[PDB]
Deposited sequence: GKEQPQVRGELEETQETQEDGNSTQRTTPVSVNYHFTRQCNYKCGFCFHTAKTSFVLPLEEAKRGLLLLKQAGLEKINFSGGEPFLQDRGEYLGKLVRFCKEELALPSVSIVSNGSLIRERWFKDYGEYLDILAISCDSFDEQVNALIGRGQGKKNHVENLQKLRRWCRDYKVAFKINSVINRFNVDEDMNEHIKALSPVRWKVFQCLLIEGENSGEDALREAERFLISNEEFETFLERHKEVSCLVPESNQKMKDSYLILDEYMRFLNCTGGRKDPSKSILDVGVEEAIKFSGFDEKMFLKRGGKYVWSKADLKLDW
């Protein structure tokens, strides 16, 4: 019914906890991605979420825009979403592709710009929060629903974001407990080592209680992510958050799900 397509692993940020790291530079040929997306449509997909990696990095966002247009215009998917760090989104992308996009979720873990910088949620300019605010205004002007995703971690577990989130008035505020995935952000050879970012379930629940007045908050605990977050990787193989499947481009959707 719903799928997270991490179609690229390249990114311009350096988030210390990143759980889907730059292990490859492979992106499928556009027509191959279209072929697999059609299979998903034929298997009953109704909601697609483009992720990564940074979705807007590949071909300056043009690759992503073509797949978004394909999903809306050719596959007639009623819900097409992107999750992005926001830093590379050009207004021209909205002009060219925004009519095909339902939802843009921007990842922002703190409203203290210095906290984002220290976490690696940036590329040096230390203006990640201010960019989030501009993207809100573009979503309003181009009629795209705006969501914000935050990873709750050691450095923001005590932050009060109530007034900041209410002022941004997002459709949904998705709040992820920092998640460890072996081979991604855990291991001597991993590109990231996220252990120092982790928080306990009790700490996570405390953050949620602090923000109980935010009615658009939606929590994503570790257990929820393990139970319900499905990944389609850059080869269109299925992965979970707990070897990859065969690619749907080889064995089809059904055999790949097992």
Deposited seq positions with no alpha-carbon in the coordinates run 1-29, 272-275, 292-318
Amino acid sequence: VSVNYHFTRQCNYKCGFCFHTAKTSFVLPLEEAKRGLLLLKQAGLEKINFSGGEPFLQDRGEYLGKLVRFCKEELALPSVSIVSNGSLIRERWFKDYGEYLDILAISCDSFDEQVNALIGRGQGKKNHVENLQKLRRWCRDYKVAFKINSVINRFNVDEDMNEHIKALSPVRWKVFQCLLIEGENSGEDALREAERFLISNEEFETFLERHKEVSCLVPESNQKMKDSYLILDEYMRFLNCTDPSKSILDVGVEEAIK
From here on, numbers count along this sequence of modelled residues.
As the entry reports it, the stretch among 6-14 and 20-28 with higher mean C-alpha B factor is 20-28
Mean Cα B-factor check, 117-125 vs 168-176, entry values; winner is 117-125
One of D189, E203, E62, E195 has the largest Cα B-factor in the entry, namely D189
For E73, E159, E184, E91, the deposited C-alpha B-factor is largest at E73
Of the three thirds of the chain ranked by Cα temperature factor, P55 occupies the lowest
